[PDB]
Amino acid sequence: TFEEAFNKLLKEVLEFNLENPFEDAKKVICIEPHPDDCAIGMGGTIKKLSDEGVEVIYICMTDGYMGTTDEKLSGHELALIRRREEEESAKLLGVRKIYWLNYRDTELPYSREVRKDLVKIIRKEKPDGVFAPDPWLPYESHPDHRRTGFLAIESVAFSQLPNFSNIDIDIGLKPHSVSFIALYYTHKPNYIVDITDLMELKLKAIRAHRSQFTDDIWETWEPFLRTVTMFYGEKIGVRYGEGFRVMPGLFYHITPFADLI
Amino acid sequence: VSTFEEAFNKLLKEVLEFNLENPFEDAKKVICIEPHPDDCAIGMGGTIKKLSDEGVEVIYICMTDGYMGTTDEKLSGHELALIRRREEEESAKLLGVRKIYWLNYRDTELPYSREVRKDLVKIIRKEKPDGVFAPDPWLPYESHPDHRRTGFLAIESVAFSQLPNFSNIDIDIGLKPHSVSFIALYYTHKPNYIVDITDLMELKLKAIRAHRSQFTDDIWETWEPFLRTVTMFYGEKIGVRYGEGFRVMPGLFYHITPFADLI
Amino acid sequence: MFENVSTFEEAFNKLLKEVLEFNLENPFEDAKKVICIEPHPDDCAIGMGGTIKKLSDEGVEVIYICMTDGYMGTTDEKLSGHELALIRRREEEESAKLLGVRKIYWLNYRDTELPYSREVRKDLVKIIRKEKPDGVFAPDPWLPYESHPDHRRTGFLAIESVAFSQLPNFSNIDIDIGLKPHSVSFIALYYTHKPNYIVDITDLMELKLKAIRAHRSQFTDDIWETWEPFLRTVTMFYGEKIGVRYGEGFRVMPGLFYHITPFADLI
Amino acid sequence: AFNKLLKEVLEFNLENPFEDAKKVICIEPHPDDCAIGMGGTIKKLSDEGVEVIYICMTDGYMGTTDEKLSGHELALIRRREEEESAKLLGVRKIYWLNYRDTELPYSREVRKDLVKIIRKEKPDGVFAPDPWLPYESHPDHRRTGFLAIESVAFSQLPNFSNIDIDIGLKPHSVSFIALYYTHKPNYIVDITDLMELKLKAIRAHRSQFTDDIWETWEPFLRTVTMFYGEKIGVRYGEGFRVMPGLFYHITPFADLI
Amino acid sequence: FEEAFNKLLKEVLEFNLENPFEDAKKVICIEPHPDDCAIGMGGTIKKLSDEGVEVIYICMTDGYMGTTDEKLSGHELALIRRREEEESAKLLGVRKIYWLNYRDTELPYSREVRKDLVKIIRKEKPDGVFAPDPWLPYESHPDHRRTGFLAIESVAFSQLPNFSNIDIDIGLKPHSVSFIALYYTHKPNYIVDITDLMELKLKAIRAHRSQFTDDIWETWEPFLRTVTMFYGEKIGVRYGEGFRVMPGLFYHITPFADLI
Amino acid sequence: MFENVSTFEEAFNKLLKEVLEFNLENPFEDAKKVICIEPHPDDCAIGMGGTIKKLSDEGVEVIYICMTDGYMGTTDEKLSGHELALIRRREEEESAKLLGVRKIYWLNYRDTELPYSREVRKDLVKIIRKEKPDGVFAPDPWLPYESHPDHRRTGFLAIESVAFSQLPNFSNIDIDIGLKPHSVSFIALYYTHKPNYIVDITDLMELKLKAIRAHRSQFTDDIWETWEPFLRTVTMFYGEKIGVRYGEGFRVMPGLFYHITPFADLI
Ligand SMILES: [Cl-]
Ligand SMILES: [Cl-]
Ligand SMILES: [Cl-]
Ligand SMILES: [Cl-]
Ligand SMILES: [Cl-]
Ligand SMILES: [Cl-]
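Keeping their order, the protein sequence lines are chains B, A, C, E, D and F. Residue 7 is where the first sequence starts when you use the authors' numbering, and the numbers rise one by one after that. Residue 5 is where the second sequence starts when you use the authors' numbering, and the numbers rise one by one after that. Residue 1 is where the third sequence starts when you use the authors' numbering, and the numbers rise one by one after that. Residue 11 is where the fourth sequence starts when you use the authors' numbering, and the numbers rise one by one after that. Residue 8 is where the fifth sequence starts when you use the authors' numbering, and the numbers rise one by one after that. Residue 1 is where the sixth sequence starts when you use the authors' numbering, and the numbers rise one by one after that.
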């Protein structure tokens with residue numbers, strides 16, 4: 007039967023588990039489309055990880071240029087404003103190294119050039135685990151978000167190939183095989199992390215981005231963010247959870263039953 | 005509050021004040037965004053008549069020139085494009101539309117790019133519509149890239165229309181930001197609002213048929229049944245013979261919302 | 001027309017049965033020539049190898065289009081992509097001989113760099129119009145969680161290319177030089193999570209795993225320890241659907257269902 | 011050594027460089043450019059019954075200042091203008107790339123279109139604009155010139171646009187390239203006789219040459235063809251730059267012929 | 008031919024080389040980076056402002072890349088450089104600046120960038136546009152060559168209602184500029200004498216502090232004086248700024264364009 | 001400053017001699033490490049084979065950057081591009097050994113498909129920052145009538161990437177991973193029509209013709225009765241300028257002259 011084969015493939019051939027995927031790890035990259043996405047999607051989990059003495063590094067794809075409705079606030083000023091804010095925010099969470107790709111907000115390319123930037127940082131830092139948005143989240147209308155999710159996944163895979171971006175090799179950045187990928191802002195989580203006793207810090211980590219979260223905007227966003235973490239919290243029977251989708255690496259390619267975990 | 009279901013209910017009713025009962029009721033000006041000449045007529049022809057008849061000003065933006073839409077080996081794309089503009093003029097006349105913006109990107113060649121966003125943003129800023137209609141880019145098995153990109157780009161351009169740093173030369177020359185009230189996505193597998201068009205079906209078909217280059221009698225043998233089947237698909241969801249479906253969601257739902265599928 | 005049907009279900013059924021003349025009985029029964037489009041060397045074999053053999057045996061002329069050269073598929077730092085592309089061409093010439101395939105078009109886009117553009121559509125179109133195949137097989141570009149841009153793109157470009165092959169204004173220089181418009185009879189999509197037609201391959205399973213292993217550069221002994229169970233498992237996912245040990249699954253739809261059809265998922 | 015290479019190792023005829031040509035392709039950016047740049051010479055070659063085929067890169071869509079006239083209608087107009095203009099010159103085949111006026115890409119895709127028409131028609135000569143004309147401000151012109159030269163070279167390479175080879179169209183070696191609209195011609199054609207007819211074939215492009223526009227352009231065109239005439243002591247000329255293939259590449263003394 | 012040429016220029020085109028900027032009321036100066044207008048034609052900008060010509064800038068890029076300071080992020084440089092251009096503009100009597108905001112080193116060469124320039128030209132209706140000569144020999148900065156070409160292209164395409172047609176549908180109508188003047192040119196045919204404005208120009212350039220430190224100025228002051236002397240000497244003055252102006256015609260299919 | 005010069009000629013002389021300290025007697029004199037950038041395999045050897053050997057001999061470390069893979073350089077219908085590129089990699093490894101070159105960076109863009117983009121500048125700038133060379137050699141992109149885009153682009157991109165290698169906001173991830181900005185001392189352009197410095201290669205000519213000839217795929221004998229005559233003529237075009245038999249010509253300029261300098265052609 008298929009069922010026995012599926013069970014055996016997962017337990018005996020792949021050895022993939024969902025009890026804690028995040029355990030073997032002392033270095034991880036958290037990849038974000040915009041300054042503030044790491045905090046919003048997985049702030050809780052970044053602290054929880056900070057404390058185990060996990061080196062948590064960010065890559066931020068874009069500069070946040072466009073994130074204002076203020077006509078006398080230029081894009082260049084805002085980028086500088088949001089750089090501060092993410093440093094303020096990252097300290098609150100225990101992150102101590104941010105890479106800035108500096109692609110303009112709303113103009114993140116979907117290209118080999120961007121994959122190379124991520125490949126270079128991966129091959130350099132050799133993290134055990136990479137986090138990134140789930141690019142298959144229903145109704146996600148931000149291309150910066152979609153593109154981030156796809157390039158993170160492809161870059162993880164390609165970092166392992168020496169014919170991919172072969173100049174890194176020629177200068178002694180060697181192929182690197184990441185251990186796991188964990189996708190946040192996801193509709194299909196299979197691993198939830200409890201953040202009931204870290205919720206308050208996260209909400210604090212998030213309001214540091216003052217440019218994005220004013221008094222008035224925060225009217226809507228506090229409940230929206232309270233609802234979301236409940237949406238996840240309720241899957242494992244706590245108040246506040248953060249959801250991740252973790253799969254076997256094989257399941258990201260030609261796997262007709264990927265949705266069965 | 006206690007549970008997710010309560011939170012979710014509180015977020016819709018109170019925080020955003022989200023209602024599906026009557027989302028187009030307040031509109032005064034709408035833009036209907038179409039990949040090719042005929043998509044407004046096919047996708048939402050009855051609703052556009054209803055809107056016009058209520059005195060809503062309905063404006064089209066047509067993304068492409070329909071250059072490819074022929075199997076006639078002696079109808080060149082240019083001649084077809086001219087034929088199809090005259091067909092949309094007549095089609096839009098029947099539905100009471102008086103203004104059409106032609107972007108003129110070649111059929112099958114619609115880019116997915118900042119440049120096309122700026123086109124839509126320009127027109128949105130200038131017209132200041134309360135509502136914008138466009139295809140649903142997540143329609144399953146949709147295989148026309150002009151269709152998917154129209155969906156995506158119309159949704160992106162609505163959001164970007166509000167940001168003064170986005171296409172900043174608009175602002176410098178007098179086109180201020182604009183905040184649209186609603187987006188409604190047609191050609192959708194997931195509607196949450198249905199318009200009864202039973203009384204306007206025959207008019208819809210005549211406005212579609214105005215696209216003569218596209219609908220020969222022979223093709224109409226498959227297409228009338230196809231069109232009736234689709235509107236019955238929609239109609240049946242609110243218990244009427246013929247309907248037109250729309251997906252309308254709060255703005256927040258188009259972004260980082262993992263329970264977006266719960267309306 | 002279609003005015004005397006009373007319900008959506010009645011209308012859907014009549015549209016399928018009478019207007020579109022669609023069934024999933026034996027979709028491939030009348031195939032004289034088919035093209036199997038694959039992203040990378042080895043894709044047709046893994047995705048639909050059993051079925052290609054079964055078609056070959058019935059005297060169906062089966063032709064590959066291979067989208068990429070496979071340049072990137074090695075962790076061996078001392079193996080260059082050029083050499084690998086040369087190796088993989090020989091592995092496919094040998095896979096294809098096993099399965100009965102006599103012709104391959106190599107588009108040669110570099111592995112991981114397959115563009116999504118009109119220029120690629122034009123290649124696929126030139127060939128489709130040359131060969132005039134009855135059927136075209138390609139990966140399903142909606143496979144959930146499919147993370148390879150080359151796969152997603154081959155799928156979308158296959159479907160689009162099939163459609164645009166019939167348009168004289170698409171790539172009009174093909175027409176000016178004696179390559180007329182062509183109307184393919186069916187598309188079938190492999191590597192699909194929504195198959196609606198399963199081919200029994202229980203018998204030919206061993207010949208299939210051997211057309212696959214022939215891609216030695218991709219399948220060393222230590223990798224086959226994972227890939228053999230994955231492959232058998234995928235094949236019992238499909239066969240189970242029709243209660244056989246081993247199947248290959250395909251999604252087939254009427255051409256109309258690939259455009260503006262909100263009930264396309266009801267087949 | 012310059013001479014023991016030109017008229018010895020390569021055999022470079024500047025006396026009558028066309029003459030052996032049975033079939034030639036004229037590549038224009040826009041409808042009308044063939045007639046403007048080399049209409050006199052086109053007629054010459056037709057009268058000698060050499061087969062002259064046009065490839066028009068673009069649709070001429072943007073060529074009007076009339077706010078009432080769509081670019082689609084203009085393209086249809088200019089297509090029939092060109093069919094007429096060509097009828098007057100002995101041209102009985104025009105290939106239409108249908109890239110939009112102002113939007114001609116500079117890419118592999120476009121080289122492929124040209125390479126496909128080259129490999130199918132197996133021309134002896136290709137005519138095209140000189141992409142190095144000083145102060146040429148039209149990107150469609152510059153890019154036509156460069157893509158023409160590059161496609162001619164690439165048509166000879168089987169690994170270039172290889173599907174062409176898979177479906178029957180073989181590699182092809184053009185004999186000569188002739189660049190018109192050139193500041194540096196090394197071959198001039200007396201067209202003093204054909205001049206009233208050149209101006210006729212050009213004027214058939216009614217959309218482009220209103221009586222009022224023609225007030226400026228008749229003098230402009232006459233001045234241009236004199237500029238060429240003067241160089242071989244005739245009244246009306248059309249200039250071409252022809253060089254041996256090799257000079258199109260790493261040749262520091264290219265400007266010496 | 009010599010007869011034809013003369014007649015064309017003098018009767019048909021009625022082409023002035025005596026004083027081509029005489030009729031100007033509004034001109035746009037198109038610069039690749041903040042400081043190019045001041046560097047390439049800053050004395051002419053002041054001469055024009057003083058005579059009541061409205062001089063408007065279009066700046067193509069943000070100057071994001073113009074620092075060797077590892078701790079100065081490109082965004083901060085851009086903010087700093089807008090402040091600097093506004094200080095520099097004040098001194099030259101320029102009141103309006105359009106910022107395209109394409110990143111320094113990344114200016115596209117595309118229809119999209121043409122549409123920005125066309126929109127501005129349609130809106131502003133200038134009698135003149137100034138831009139770098141895209142054919143300056145040995146020019147190595149892609150942002151400079153492309154401003155050149157794109158300004159020249161945009162000026163011509165601003166007149167075609169099918170080019171960027173949404174402009175016209177929204178009532179930015181087509182517009183025909185009277186002249187183009189190319190600065191940073193090896194081939195000038197009009198020199199303005201700026202001898203008595205030289206000092207003010209050097210001041211307007213130094214307002215771009217981020218770009219002209221003291222050490223840097225040791226090289227650039229002599230460079231700039233050498234360049235104004237190259238031009239000045241052509242009309243027997245100490246310091247000139249050169250421009251190439253041709254008839255619109257000569258920008259296209261004109262094999263004898265190099266005889267002016 | 002520069003207020004007491006009286007004419008442009010006086011100003012230009014002083015600017016060259018005193019402010020820029022531009023010397024054309026011995027431009028390469030202080031070289032410890034140079035990079036030679038070539039569009040295709042064989043371009044360094046053809047362009048400057050003699051000079052690279054004169055440099056090697058002196059203990060100058062010469063590093064090659066090859067922009068493309070030479071995929072397209074064949075008329076042989078049964079020789080694929082992949083195999084050609086594998087062949088040319090070894091033709092260049094030999095050719096280089098002959099000239100004393102001990103490192104080659106292969107960017108591996110496909111021949112005829114070298115992009116003119118920020119991405120390629122990033123590759124150059126990566127290698128320049130890593131190697132920290134005193135000098136860079138590249139084809140002169142302004143060669144009149146040069147009709148190969150790969151060649152034009154390589155020269156423009158070389159000149160740009162040398163300027164941009166200095167700027168820490170250009171390709172800022174390099175800086176973040178320990179690759180700092182670098183300032184090359186000189187640029188020398190080969191394949192040039194306007195050289196201002198000629199190297200005598202008369203006693204190295206034979207060795208050059210041989211290192212060129214290691215590119216067997218490119219130079220048959222049919223080809224060579226036409227390409228030895230061509231090369232001997234080119235090296236005499238340069239040699240005759242300094243009255244030796246065979247020379248290699250270069251264009252050298254102060255970095256200032258690569259930007260907004262209307263008197264660039266005066267040197
Ligand atoms: Cl009937
Ligand atoms: Cl009927
Ligand atoms: Cl009937
Ligand atoms: Cl001092
Ligand atoms: Cl001093
Ligand atoms: Cl001083």
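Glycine is no exception: its CB is placed at the ideal position from the N, C-alpha and C atoms.
When Cβ-Cβ separations below 8 angstroms define contact, A/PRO262 makes no contact with chain C. By the criterion of at least three beta-carbon pairs nearer than 8 angstroms, the stretch 243-253 of chain C is in contact with the stretch 200-217 of chain C. Look at F/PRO39 here: in three-state DSSP terms it is coil, with no helix or strand label. When E/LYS122, E/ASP76, E/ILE52 and E/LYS180 are compared, the shortest CA-CA separation from E/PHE250 is found for E/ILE52. A heavy atom of ligand 5 is found nearer than 7 angstroms to the CB of F/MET1. In the three-state scheme derived from DSSP, where H, G and I count as helix and E and B as strand, F/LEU209 is classed as helix.
When beta bridges are read from the DSSP output, D/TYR64 appears opposite D/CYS36 and D/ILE104.
Here the C-alpha atom of C/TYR190 lies approximately 27 angstroms from the C-alpha atom of B/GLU18. Going by DSSP, F/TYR238 is part of the alpha helix (DSSP H) stretching over 221-239. Within chain E, the C-beta atoms nearer than 9 angstroms to that of D/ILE175 come from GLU77, in chain order.
When secondary structure is reduced to three states using DSSP, E/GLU21 falls in the coil class, being assigned neither helix nor strand. At a threshold of 7 angstroms, D/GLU225 counts as near ligand 4, since its beta carbon sits closer than that to one of the ligand's heavy atoms.
With contacts defined as CB atoms closer than 8 angstroms, B/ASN196 and B/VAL252 qualify as a contacting pair. Using a Cβ distance threshold of 8 angstroms, A/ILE104 and A/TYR64 count as a contacting pair. The alpha-carbon of D/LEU256 is positioned some 29 angstroms away from that of E/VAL62.
Under the three-state reduction of DSSP output, A/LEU266 falls in the helix class. Per DSSP, the continuous beta strand (DSSP E) segment holding A/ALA188 begins and ends at 186-190. The three-state secondary structure of A/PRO139, taken from DSSP, is strand. If you look at C/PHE12, you'll find it isn't in any beta strand (DSSP E); it sits in the alpha helix (DSSP H) that goes 8-14.
Counting only residues of its own chain and dropping the five nearest sequence neighbours on each side, D/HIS151 has a CB closer than 6 angstroms to the CB of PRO39 and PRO139.
For the pair F/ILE127 and F/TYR258, the CB atoms are not nearer than the 8 angstroms cut-off.
When the alpha-carbon of C/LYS33 is set against those of C/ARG118, C/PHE137 and C/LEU204, the nearest one is in C/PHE137.
For A/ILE198 against A/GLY49, the beta-carbon gap comes to about 15 angstroms, at or over 8 angstroms, which does not count as contact. For A/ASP200, there is no enclosing alpha helix (DSSP H); the enclosing beta strand (DSSP E) covers residues 197-200.
The beta-carbon of B/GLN218 is placed no less than 8 angstroms from the nearest beta-carbon of chain C.
Burial is judged here by how many other beta carbons sit within 10 angstroms of a residue's own beta carbon; B/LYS194 has at least 16 and is buried. Under the three-state reduction of DSSP output, F/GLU92 falls in the helix class. Restricted to the stretch 154-182 of chain C, the alpha helix (DSSP H) segments that are unbroken, complete and at least 4 residues in length are 173-176, listed in chain order. Nearest neighbour of F/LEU204 by Cα position, chosen from F/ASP57, F/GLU3, F/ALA214 and F/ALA188, turns out to be F/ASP57.
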